[PDB]
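Here's the letter readout for the chains.
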Amino acid sequence: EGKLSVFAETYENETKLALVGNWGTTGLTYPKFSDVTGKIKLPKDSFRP
């Protein structure tokens with residue numbers, strides 16, 4: 001009953017644009033997308049059915 005569904009999880013990673021008060025995925029020494037550990041890379045488009 002209802003919608004039976006399975007869930008996937010990822011984290012988005014942004015950093016300051018050379019510490020100017022702004023931010024984005026550039027100037028980033030870490031993975032653009034990651035797991036909860038912060039080191040494991042998990043792109044939003046790396047996931048498949």
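Residues numbered from 1 in each chain as written, not as in the entry; some residues may be left out. Part of a larger assembly, values for the part shown. Heavy atoms only, no water.

- The name given to the chain in the PDB entry is Dysferlin, with Homo sapiens as the source organism.

What to know about unusual backbone geometry
Here is step 1: Non-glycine residue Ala 18 carries a positive phi angle of around 60 degrees.
Here is step 2: Residue placement: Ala 18 occurs in the loop between strand 2 (15–16) and strand 3 (23–24).
Here is step 3: Residue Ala 18 is classed as exposed on the basis of its relative accessible area, which comes to 66%.
Here is step 4: Phi angles above zero are rare outside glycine, and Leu 19 is one such case at about 55 degrees.
Here is step 5: Relative to the assigned elements, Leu 19 resides in the loop between strand 2 and strand 3. (Helix = DSSP H or I, 4+ residues; strand = E, 2+ residues; numbered from the N terminus. Buried < 20%, exposed > 50% of the residue type's maximum accessible area, 1.4 Å probe, protein only.)

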